[PDB]
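Shown below, as structure tokens, is a lone chain in the form deposited in one PDB entry; questions about how it binds or moves come after it.
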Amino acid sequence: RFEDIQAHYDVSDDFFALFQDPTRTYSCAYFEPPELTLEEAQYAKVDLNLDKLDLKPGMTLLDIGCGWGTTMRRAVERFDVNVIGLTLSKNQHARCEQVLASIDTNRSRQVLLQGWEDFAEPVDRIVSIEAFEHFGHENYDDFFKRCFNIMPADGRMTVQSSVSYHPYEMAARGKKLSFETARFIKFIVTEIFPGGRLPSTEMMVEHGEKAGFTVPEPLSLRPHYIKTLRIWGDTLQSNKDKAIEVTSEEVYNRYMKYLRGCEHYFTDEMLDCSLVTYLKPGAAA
């Protein structure tokens, strides 16, 4: 029943196409250098993640939340690795299968319609780009234990996740702004990512360490998300008429509120986006 209440907030892939770049990447871009197009910045974000993973030819990369398959293809093409992708979306599964089958390679390419809970095959390296927000706090210990256990002695993982701060830390940066941010987060995890729950950077780090990972200083992507959300918002606005035709005025207003609102709270430093690297004890220096 509560699912039905959330099922209300389901939106066609066609709507997201009207604000996203041509790769349909629904995560923080990386504008390095600063004058990259959104689309180029999305390839630079993939490279930022993959370049941290010490990927060698013939290794297997696991992509947890593999989206439309952009990260896996880039991995196969750049690093000559086997790939396994996990997605819960039937549409993303079908697209990924086609993206991977198109690649000129002898490497193994696999996409599975399942969550990480059901995945227990040996892999060399793991990437997860803005899927972690959906796992839930109670599942973090199981997540990091699974990732540690499926990787070899030199295993590495990157997790990119939107984050909030502990209530105590939020209170420290103005009471007014603290309650305002909490209410906007509640809107995101009700109407935009139903059942979602933002971790803190500290949770991401400490759950990793409990599992046995070495965790260097997380990379903040805050200024890159501000630019991403600005372009998304401006793009949705430019396509207002088409967006309404495809869904409704309700859904257009909901997403403009989300995109403008996120840009605001990222600017006010009440939200962040953390790229966290997890190194197993035997990882290369």
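Take the two forms, find the largest set of C-alpha atoms that superpose within 1.5 Å, and that set is the rigid core. When you see a residue number, it is the position in the sequence shown, counting from 1.
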*Relative to this form, superposed by the core, which stretch has the greater CA RMS in 9 other deposited structures of this protein: 184-192 or 137-145?*
137-145
*Look up the CA B-factors in the entry and say which stretch, 255-263 or 61-69, has the higher mean.*
255-263
*Can you let me know which of the two, 134-142 or 151-159, has the higher average C-alpha B-factor in the entry?*
134-142
*Highest Cα B-factor in the PDB entry belongs to which of 212, 122, 195, 199?*
195
*Between 46, 221, 53, 243, which carries the biggest CA temperature factor in the record?*
243
*asked:* Please say which third, lowest, middle or highest, residue 168 falls into when its CA temperature factor is compared across its chain.
replied: highest
*C-alpha B factor of residue 5, ranked within the chain: lowest, middle or highest third?*
highest
*CA B-factor placement of residue 74, once the chain's modelled residues are sorted into thirds*: lowest
*Taking the values exactly as deposited, rank residue 115 by C-alpha B-factor within its chain and report the matching third: lowest, middle or highest.*
middle
*According to the PDB entry, is the CA B factor of residue 270 in the bottom, middle or top third of its chain, that is, lowest, middle or highest?*
middle
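Keep in mind that the form solved in complex with a small molecule is missing from the display, and what follows is about it.
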*Could you work out which of 148, 135, 165, 79 is the residue within 4.5 angstroms of the small molecule in the entry with it bound, going by heavy atoms?*
135
_Residue among 174, 152, 212, 115 with a heavy atom within 4.5 Å of the small molecule in the entry with it bound_ = 115
*Choose one stretch from 216-224, 52-60, 65-73, 236-244: the one whose residues place a heavy atom within 4.5 angstroms of the small molecule in the entry with it bound.*
65-73
*Distance check, residue 126 to the small molecule in the entry with it bound, heavy atom within 4.5 Å*: no
_Check residue 86 for me: does it contact the small molecule in the entry with it bound (non-hydrogen atoms, 4.5 angstroms)?_
yes
_is_contact(residue 92, the small molecule) in the entry with it bound, heavy atom dist at most 4.5 Å_ = yes
*Taking 4.5 angstroms as the cut-off for heavy atoms, does residue 25 touch the small molecule in the entry with it bound?*
yes
